[PDB]
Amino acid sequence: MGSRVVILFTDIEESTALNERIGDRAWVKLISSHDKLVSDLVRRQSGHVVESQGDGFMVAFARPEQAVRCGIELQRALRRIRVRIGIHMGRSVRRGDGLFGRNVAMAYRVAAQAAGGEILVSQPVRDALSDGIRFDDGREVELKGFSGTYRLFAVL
C-alpha cells in the first residue's frame, strides 16, 4: 500500500571489522565523511535520505533513473571501503519521516544481494529504464522473507 517510490539502500561491506581495525575515533570521522558524500550526491539527483542504518542509508527518489544515476556517481566517487547498493520501486507507506512496507523490505534485500562496489536493481527498476544506463542479463535469487525467486540486474 502507499504511494509509488524508488527506494535505494547503501551499505558498507564489513563495517564492524573496519571499525574494530581503525578504532572508534577514525570510524566516526569516516562515517561522518561518508554521510556528507552520500547526502551531497543524493541531492544532486533530487533524492532524499530518509533514514540511517549506521553504515548505510535508505534513500527515496521519484524516478528510477535518478536512483541509478545516484548509485553510479556514488561508486565513482568512492573509487576516487566497499559499498553495496540496491534499488527497488513500488508502493510504500511514507509515514512520519520513515518508509514502511514490503517494498522497503524488498529494496533492503536487493541491497543485501549486491557485492561491494555493485549496483543491483530489481526487475521493475530495470524494466522502467528501457537513457544512458546499461545492465547485465540478471541473476535469479531467493530473497529472505519473500516466496519464490527474483531476477536482479547489475548496472554496468
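Just count from 1 along the sequence shown to find any residue number.
Coordinates are lacking for 1 to 3 deposited residues between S130 and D131. The mean Cα B-factor in the deposited entry runs higher for 63-71 than for the other of 63-71 and 103-111. Here 21-29 and 5-13 are compared by their mean Cα B-factor, and 21-29 comes out higher. Looking at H88, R95, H48, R91, the one whose CA carries the top B-factor in the deposited record is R95. Among the modelled residues of its chain, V155 has a C-alpha B-factor that falls in the middle third, as given in the PDB entry. Ranked against the other modelled residues of its chain, the C-alpha B-factor of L37 as given in the entry falls in the highest third.
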